[PDB]
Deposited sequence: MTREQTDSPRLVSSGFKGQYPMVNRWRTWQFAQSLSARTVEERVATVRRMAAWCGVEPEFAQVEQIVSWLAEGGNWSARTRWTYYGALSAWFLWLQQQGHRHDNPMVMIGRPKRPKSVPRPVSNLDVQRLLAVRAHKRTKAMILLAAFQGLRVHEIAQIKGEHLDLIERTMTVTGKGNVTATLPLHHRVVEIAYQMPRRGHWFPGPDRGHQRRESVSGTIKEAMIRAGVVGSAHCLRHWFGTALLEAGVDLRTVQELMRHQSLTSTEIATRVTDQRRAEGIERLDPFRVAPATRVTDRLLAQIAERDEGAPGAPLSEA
């Protein structure tokens, strides 16, 4: 009858609503405190350190995110108990925070890339953006690119794959196009660093262009859009990973050209003006 009735939890619930908190926030916190209490077999306001530690370690096979969230709800509960004068101690002081979960940044969207392609900019800025977003190049790969790395007749380029093993990538038509406006032999981005610009200024350029385009993210996020947008266009996971030179593949699987035609047909589907990507697929191209 009274089992599982936790009058003090309901007091906290009412208090939280009066702080203008939402039902979503409050009911999730209350459910967590009740879950811990029922599993431990204790009234939630009297739970002791070792019970809470046991529940956070053994009450479920929690993900890192779930454990982090649960720790925060328990911290809010016990801090409230102490602050309101209901309990002298706070057992969470004795419990180290769990592993901070990976913060999932905002993925760059097709509309973001549209605006990035539309910002007025020097052609070297446009080239850096195109290499990141439409070839998946990392900023140090962009910085060192030379005209003599590109075959515009065969529409290919050479870049480092895994380790020291060279890879041959098909060129997106947008990159072929800007390549004919760039040096056909020397560095695209001349600078003091082995003849080219520093990777830091390539990163800084892409970052400033994204701010100007109203886009949050970085050059890395454009390489992630490259993979994400390829998957959204129907390209199969393995081909995307080859086009990205993803390190889950071996240098041989990356540098092989048995799949040249699938790769070339895949990369050409990339169109920010345009097939269902899941949390599982996205983890396949993550880095």
### Task
Provide the list of deposited-sequence positions lacking C-alpha coordinates, grouped into contiguous ranges.
1-14, 289-292, 306-318
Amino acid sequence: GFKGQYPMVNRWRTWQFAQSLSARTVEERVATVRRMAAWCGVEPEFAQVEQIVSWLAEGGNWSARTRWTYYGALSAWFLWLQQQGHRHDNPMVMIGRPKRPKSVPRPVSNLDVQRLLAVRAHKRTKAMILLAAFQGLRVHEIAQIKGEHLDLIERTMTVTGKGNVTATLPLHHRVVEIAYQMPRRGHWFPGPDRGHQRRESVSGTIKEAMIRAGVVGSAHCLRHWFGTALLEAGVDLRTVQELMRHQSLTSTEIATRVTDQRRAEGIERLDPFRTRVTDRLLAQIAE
From here on, numbers count along this sequence of modelled residues.
#### Entry: Mean Cα B-factor comparison, 118-126 or 90-98, giving the higher one as deposited
90-98
### Message
Can you tell me whether 42-50 has a higher mean C-alpha B factor than 254-262 in this record, or the other way round?
### Response
254-262
### Task
Going by the CA temperature factor in the entry, name the top one among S103, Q135, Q82, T160.
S103
### Summary
In this crystal structure's PDB entry, the residue among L243, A31, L56, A219 with the greatest CA B factor is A219
### Query
So where's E154 on the chain's Cα temperature factor ranking, which third?
lowest
## Note on the structure
Quick tally, chain-level thirds of C-alpha B-factors: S203 sits in the lowest
### Query
Which third of the chain holds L249 when residues are ordered by C-alpha B factor: lowest, middle or highest?
highest
### Message
For the chain shown, is the CA B-factor of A37 in the lowest, middle or highest third of its modelled residues?
### Response
middle
### Query
Thinking about Cα B factors across the chain, which third does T275 belong to?
highest
